[PDB]
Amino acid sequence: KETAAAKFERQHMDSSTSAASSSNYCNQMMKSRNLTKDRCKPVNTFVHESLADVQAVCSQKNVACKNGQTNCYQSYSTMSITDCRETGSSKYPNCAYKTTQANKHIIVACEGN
């Protein structure tokens, strides 16, 4: 089965692009990364940095996770990211997404692997 590490890459890494090209980046990417198979994944973030740069976030600023765990790390620097959010009208299997491109810090939970 897909490891947690493997699933992260799948659902959030997009190192082939410096930023969301168009208003359709999310529609395109949710489908291709397979996030619309049983349902429309309501929200998702794609990060456009190299995987070493994202793995490295795990040796950066330790912060509490949302759920209170203590294995979250915030990047020191802002990163190129694309925010995908399912629209009001999005009805499965015609999953529709609002694409928002921005530079921001990311917080991720890290585990040993």
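Counting begins at 1, following the sequence as shown. The term rigid core refers to the most C-alpha atoms you can superpose between the two forms while keeping them within 1.5 Å.
Core superposition of the other structures onto this form places the C-alphas of 37 to 45 farther off in 6 other deposited structures of this protein than those of the other stretch among 55 to 63 and 37 to 45. Taking the PDB entry as given, 3 to 11 carries the higher mean Cα B factor of the two stretches 3 to 11 and 102 to 110.
61 to 69 and 44 to 52 differ in mean CA B-factor, and the higher of the two is recorded for 61 to 69. Looking at the C-alpha B-factors along this chain, the one for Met30 belongs to the middle third. Ranked by C-alpha B-factor against the other modelled residues of its chain, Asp38 falls in the highest third.
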